[PDB]
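# Structural characterization, general
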Amino acid sequence: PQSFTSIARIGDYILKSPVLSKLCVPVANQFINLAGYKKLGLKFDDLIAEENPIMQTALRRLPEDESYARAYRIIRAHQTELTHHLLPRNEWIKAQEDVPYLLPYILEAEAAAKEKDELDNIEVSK
Amino acid sequence: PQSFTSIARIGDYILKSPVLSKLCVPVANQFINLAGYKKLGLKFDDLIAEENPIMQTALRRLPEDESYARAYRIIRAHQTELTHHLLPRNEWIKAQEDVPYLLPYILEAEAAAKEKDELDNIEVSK
Amino acid sequence: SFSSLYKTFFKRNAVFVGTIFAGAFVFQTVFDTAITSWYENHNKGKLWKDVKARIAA
Amino acid sequence: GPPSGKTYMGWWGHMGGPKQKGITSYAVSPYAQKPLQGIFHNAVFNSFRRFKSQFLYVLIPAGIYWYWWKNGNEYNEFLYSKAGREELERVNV
Amino acid sequence: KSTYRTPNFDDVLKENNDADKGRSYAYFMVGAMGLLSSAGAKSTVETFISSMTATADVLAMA
Amino acid sequence: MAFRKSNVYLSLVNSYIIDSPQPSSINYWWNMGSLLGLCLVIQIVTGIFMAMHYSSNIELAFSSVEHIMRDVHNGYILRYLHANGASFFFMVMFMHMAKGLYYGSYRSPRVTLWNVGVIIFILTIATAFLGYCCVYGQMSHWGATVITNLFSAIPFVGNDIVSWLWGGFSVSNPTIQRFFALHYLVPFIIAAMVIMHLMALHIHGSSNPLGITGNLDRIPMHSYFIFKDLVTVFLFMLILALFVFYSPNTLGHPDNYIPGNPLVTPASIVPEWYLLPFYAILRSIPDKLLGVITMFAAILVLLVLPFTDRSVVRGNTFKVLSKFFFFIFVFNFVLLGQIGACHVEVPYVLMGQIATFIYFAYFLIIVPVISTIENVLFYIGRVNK
Amino acid sequence: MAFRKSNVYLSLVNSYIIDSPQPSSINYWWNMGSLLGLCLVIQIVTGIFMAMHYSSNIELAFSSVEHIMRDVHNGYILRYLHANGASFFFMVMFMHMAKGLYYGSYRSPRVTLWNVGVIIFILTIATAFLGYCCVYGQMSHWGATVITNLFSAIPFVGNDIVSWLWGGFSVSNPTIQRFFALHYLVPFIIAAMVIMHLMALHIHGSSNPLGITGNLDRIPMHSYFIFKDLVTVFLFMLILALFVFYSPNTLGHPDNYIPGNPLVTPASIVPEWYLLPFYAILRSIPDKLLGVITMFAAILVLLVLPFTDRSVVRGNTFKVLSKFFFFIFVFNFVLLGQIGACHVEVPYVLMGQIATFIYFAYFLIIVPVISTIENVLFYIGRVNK
Amino acid sequence: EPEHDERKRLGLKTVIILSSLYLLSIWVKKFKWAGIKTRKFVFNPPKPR
Ligand code: HEM
Ligand code: HEM
Ligand code: HEM
Ligand code: HEM
Ligand SMILES: COc1c(O)c(C)c(C/C=C(/C)CC/C=C(\C)CC/C=C(\C)CC/C=C(\C)CC/C=C(\C)CCC=C(C)C)c(O)c1OC
Ligand SMILES: COc1c(O)c(C)c(C/C=C(\C)CC/C=C(\C)CC/C=C(\C)CC/C=C(\C)CC/C=C(\C)CCC=C(C)C)c(O)c1OC
């Protein structure tokens, strides 16, 4: 329910402050390692809840080749969890591969929705 | 749920008998007048129950002009009954207009279904 | 006027429903007294209050 | 959900009757009509028309069973009086 | 017969069709229904609820 | 989409009450189904409020009903509503089942809907019988020892069944306490079979008095049959109020104001008036084992109707021989009920044995033969040859 | 098509327990729903068979329960099954509600399903309270006195509501017969609201432990989760049989074998163990009106959850801080029950006031603040800005 | 029958109120059904296709 526009606004301010980027990021890397989703063969962008209208347009506009790969990683994790095991250590998602591939398609869909709301409540300065 | 083939077989034997025709046909004419479906602007062939495959086949093969006319007589009868009245006497169906228009289509569909049942239970001799 | 009668009582449903309730409060009170008064007069000379008076005078 | 079997009624827009062509219908708003119109005329002339066409199907069966009941009730009163005590012996035992 | 020729509705129509007069008449007949039905609903819920209060024998031992 | 159609719960209300497509020509006989649902609500609500003051012990059951009439505020209204309401339940149900018989509502596309109704009819008879025993008057006690003793006629383990049903050696405290527990439960089973009743109706919809398809002219249920049903609701409520405030004991038996006594037997033992026709059927057979089978068959012969009807037209509207014999069966049912309230004397024994035969001959002989005859007359009356 | 799909009644069975598409990743925590269905059936059947030997008069209520244990054949089995079965009912329900709290099953698409569950929780608490009063021991009489006396704190109309509930001037014969009639009825309302529970689940289906969509890999319900539910069904009756035949009074209170006496206070008065956490919240507020309001708030704050969760991921599987603070709430709940069974002493008064604050601060403070922090950590931990 | 006097008085209010509701319901039903009751159909047979 917190919009990705607000998430990025706070995050980008932190990542440009030399002091703030020095203590928050090291504890954020350990937080992600302990989360353990990379050990099932998943990226973070695959964990976002998709039952909202905003995320339905982003998944529609995702390029076809990236969409086929995402379906394999999701099916693979369900089968791995079904056996109560983990993936072999060579199949884990690495740090350089955990990229926000779906993030640009969410920020653009959210900006369009925000502009629509501002235009249904327009007031001409008469 | 008596087949029209059975009704026609019994009915014809009465009509080809000179003795039986003079004693039974006069009774049938008075039976029809007392039934009173003509006073609602309907023919008898409009009263046959249609929720079976045999009558759904016959109604499919009926020509368009006959099918359009039948739909008007049925709608008119529903509205006349709604008001608890009868039709004006000049709008009643005459005896010469009460003809079995749908009967040949029903008999043709009934003969096909009987031959299918006799071939599914076939037994080859020698 | 019939136009000003519609604009006051039947245009808004908040006034139509509120008027019905206010008329139900009044009908409830008056209808009880009228029925009791008629019932007690059709049966004069037979109620306990009448009999109580005949053993006190 | 999965679809179900084929039925004989549909819904608004696909009710499943024959195709209709050439029928026009007209109607007037009830706010511009007169309800109760013709009730006094219908209360006597229409009621007599409906009663006359059906009363024989109801009264003849009713009168047959009522005559049977009264005749069988009167016979019982005769057997259990002093006049018909002799017949009560033979019929019973 | 052309479909532009409307049938005869003369013997069921009001000869003076006023919007305000004809609406106040109809709403006054449904308000009378809603007034009496609302009065009869009060007497129904009161009858059932009051049966759950103290009985005659219990009240005698107060 | 409108919220009344997208919501999960409002969609069920919309599809059954608001937007249900109805034939435009259904007359006032089609208003009995909605009345039967008002009777069920009346019985359940009045019964629950009376159950807060009832004791089922055999030495306290009769006196608890008087405590309801005398000490409970508005108690006599609740008791007279519940007692007379059960009598109005069977009036409406009897004429609800007679509409289906006259108009042929049991035919092929709606055979399953007809069979579920027969189940509801059986459960309603048991519910009324169980509640009548909960008063424990003289008719209540002695009517239970002639019904439960019927099962003793089963050849093997017939006597072990009645002992398990009694909870002892006769109708006693174990029997009365368990009959009240069952009288509380069966009404909730009835409410579950009404939903199954409505589910089987919603497949092909209802029928019409003309007996033909109604797919060419339909109107929504709301604002047309919602307000037409309100007419019979206010008329049903007026007649019942006349029987509750002005004649509350006309339909009862005065022997049920005497407390139940196993040592004194009443002069005449009869059930309530709506069970009299089946009581007369049971007494007609001069054998105990065959009598209870015949009495139970009298409810099960309704299931052979879809197969013994041989007509190609659904209904009795345009038939003169079927119309005449329909009212012979109706007035035969009244004569059967009157025999069940009579003594076992010389003329009444033979009359019951003939009216019992006419009951079964109608479903198995009269209907098949007459239907075939009218099929032929409709044919030779228009096919010139 | 197959007869299981074309029939009107079988199609509801097929669509719910045969062909229902289930995610392939759901673990054994998704088995508590089917167990709650078996618990409800057990309670209804044992209650009905026990009600054939029970009397609700205040002078015979205690002795009728003793009559069931001693005189009725296998009657002690029915009573211990019903008393212990109700304790196992709340065990599963507590775990059923904590599963959905851990896995975020209350979130956006399934808010209606979550709201219906809260209504079932309220009704079940009332049903268990009403049945405890029907024994009429020393803890049931004095427990009913304190609970029903809290309604007198309502302004203006408070004192009149208590008299209407009691049926008199204190907990007496009108109250006890009142409560048995309601104890028979409310379980049927629960059964009708369970069907509405399944209807709201069928629109979007179940969730999965991973918290992502399950539309890419599904298996039918029959022969895969029918036999997985049979595993926990057999384990459920094994533990229940241990408590029924080898320790039937471990979960009860010994003071409920002393018949109810309105003249002797039974020292400490406490309810059953599953209502103890909510009893401690009521006692923590030194004000009758405010303290009573806070007790129903503890059940109504569960509706605020879908709006104070500011997380873009559903569930706690991959959340570090949310996993830690989830078990703080769980063990805070256990400590609240311990305080509810304690006396009003020096340390225990402040212990229950702080633990009450943690209960409410979890929904309104901890969850919103934590869920926003983790959103940033997920972001800045992989973006190169 | 110690409630005899009060029962008959309450039956006078029930019947009067219920008789006036029943009559008011017949008018309301007839007002809602006026459009359907007074409805006309015409048929012009279509030309062959
Ligand atoms: C409490 C008992 C019952 C209730 C509430 C009930 C309810 C209904 C309702 C609401 C309808 C649709 C409207 C109508 O036709 O009036 C209906 C139709 C029907 N019912 Fe019942 N019913 C009950 C008992 C029975 C019984 C006992 C039978 C037969 C033995 C039966 C057979 C039918 C049939 C055949 C129809 C369809 C008739 C038609 O539409 O032409 N029902 N019922
Ligand atoms: C279809 C529903 C029901 C029917 C047909 C029915 C029928 C009856 C009948 C015929 C009696 C006999 C009354 C007399 O002869 O004076 C009775 C009595 C009784 N019934 Fe019901 N009943 C129904 C539902 C219920 C329910 C659900 C309850 C309780 C929850 C209930 C509680 C009682 C009680 C307490 C009596 C006591 C005797 C009396 O008050 O007259 N009933 N019932
Ligand atoms: C007698 C009481 C109840 C019954 C019979 C019942 C039944 C069920 C069943 C069979 C399921 C699907 C299977 C499963 O998820 O294990 C389910 C799911 C669910 N129930 Fe219940 N339930 C009851 C009470 C509750 C309560 C008290 C709550 C919450 C306060 C609740 C909330 C939920 C939720 C949120 C789900 C969906 C969870 C998911 O699929 O991830 N239910 N229920
Ligand atoms: C969800 C359903 C139910 C629950 C949770 C429940 C709960 C309880 C509880 C906790 C007791 C206290 C027993 C004790 O402490 O020894 C009790 C007693 C009792 N209940 Fe239930 N009950 C349910 C359904 C029913 C039903 C449907 C009936 C009757 C039809 C019933 C009849 C009784 C009776 C007669 C007692 C008497 C005391 C005893 O036998 O132990 N119960 N109930
Ligand atoms: C695995 O799949 C399932 C699943 O199969 C089920 C059933 C459920 C449970 C779902 C439900 C909706 C629960 C169903 C139950 C009810 C709604 C209530 C149950 C009702 C009863 C037990 C009432 C029955 C009572 C009786 C028969 C009374 C007994 C008394 C008798 C027989 C008296 C004796 C008779 C005489 C004549 C003396 C699931 O949640 C589920 O997971 C999806
Ligand atoms: C669609 O066509 C139909 C139609 O099919 C039907 C059946 C009916 C008629 C009937 C119904 C729709 C209702 C069907 C009835 C049932 C399913 C019976 C169910 C039972 C009830 C609704 C009653 C339940 C009542 C209670 C639980 C209340 C008990 C009292 C209590 C709790 C008060 C005590 C309170 C305290 C605090 C002690 C129609 O009117 C109708 O036209 C619209």
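Looking at the entry header, you'll see cryo-EM listed as the method and 2.4 Å as the resolution.

## Focus on the overall build of chain F
Per the secondary structure count, chain F includes 15 helices and two strands. In terms of its C-alpha atoms, chain F occupies a principal-axis envelope of roughly 75 × 60 × 40 Å. Here chain F holds 385 residues, and the buried ones make up 57% of them. In chain F, 78% of the contacts between residues at least 6 apart in sequence involve partners at least 24 apart.

## Here's the deal with the coordination of the iron atom of ligand 1
Taken together, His96 of chain F (NE2) and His197 of chain F (NE2) make up the protein donors of the iron atom of ligand 1, found 2.3 Å from the metal. Taking relative accessible area as the criterion, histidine 96 of chain F reaches 26% and is therefore assigned partly exposed.

## A word on the coordination of the iron atom of ligand 3
All names here are of chain G. In the first shell of the iron atom of ligand 3, the protein supplies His96 (NE2) and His197 (NE2), at 2.3 Å from the metal. Taken together, the six donor atoms coordinating the iron atom of ligand 3 and their angles of 82 to 179° define a geometry best described as octahedral. Placement of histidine 96 in helix α5 (residues 75–102) and of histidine 197 in helix α9 (residues 173–201) is noted, with a sequence separation of 101 residues between them.

## Description of the site of ligand 6
Around ligand 6 sit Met52 of chain E, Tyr16, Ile17, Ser34, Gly37, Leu40, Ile48, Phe49 and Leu198 of chain F together with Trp164, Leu182 and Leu185 of chain G, and that is every residue in its neighbourhood. This site is not confined to one chain, since residues near ligand 6 come from chains E, F and G. Among the elements of the structure, α2 (8–18) and α3 (32–51) of chain F together with α9 of chain G are those that each provide at least two residues to the shell around ligand 6. A total of five residues in the shell around ligand 6 trace back to one element, the largest contributor, which is α3 of chain F.

## Points about the relation of the copies chain G and chain F
Superposition record for chain G on chain F: RMSD 0.2 Å, screw rotation 180°, translation along axis 0.0 Å. Interpreted geometrically, this transformation is the action of a two-fold axis. Of the C-alpha atoms belonging to chain G, the one lying closest to the rotation axis is found on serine 55 of chain G, 3.6 Å away. Interface residue correspondence from chain G to chain F reaches 100%, placing this contact among same-surface, isologous pairings.

## A look at the UniProt feature "binding site: heme b b566" in chain F
Residues and elements named next belong to chain F. The UniProt entry lists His96 and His197 under the feature "binding site: heme b b566", expressed in the numbering used here. A maximum C-alpha distance of 13.6 Å among these annotated residues, which run over 102 residues, shows that they cluster at one spot. Look past the residues within four positions of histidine 96 in its chain and what remains in contact with it is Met32, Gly33 and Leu36. Leaving out residues up to four positions away in the same chain, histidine 197 has contacts with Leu113, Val116, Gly117 and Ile120.

## Overview of the site of ligand 3
Residues and elements named next belong to chain G. If you check the shell around ligand 3, you find 16 residues, and the closest are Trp30, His96, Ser105, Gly117 and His197. A distance of 2.9 Å separates a nitrogen atom of ligand 3 from a polar atom in the side chain of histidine 96. Take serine 105: an N or O atom from its side chain is 2.7 Å from an oxygen atom of ligand 3. Secondary structure elements with two or more residues in the shell around ligand 3: α3 (32–51), α5, α6 (111–133) and α9. Residue contributions to the shell around ligand 3 peak at four residues, all from α6.

What counts, and at which threshold
- Residues numbered from 1 in each chain as written, not as in the entry; some residues may be left out.
- Chains lettered and ligands numbered in written order.
- Part of a larger assembly, values for the part shown.
- Heavy atoms only, no water.
- Helix = DSSP H or I, 4+ residues; strand = E, 2+ residues; numbered from the N terminus.
- Buried < 20%, exposed > 50% of the residue type's maximum accessible area, 1.4 Å probe, protein only.
- Contact = heavy atoms within 4.5 Å.
- Donors = N, O, S within 2.8 Å, 3.2 Å for Na, K, Ca; no water.
- Tetrahedral: all angles 85-135°; square planar, octahedral: opposite > 155°, others 65-115°.
- Near = heavy atom within 4 Å.
- Least-squares fit on C-alpha atoms.
- UniProt positions renumbered as here; feature names shortened; annotations may be inferred.
- Polar contact = N/O pair within 3.5 Å; in protein donor to acceptor, adjacent residues only side chain to side chain.

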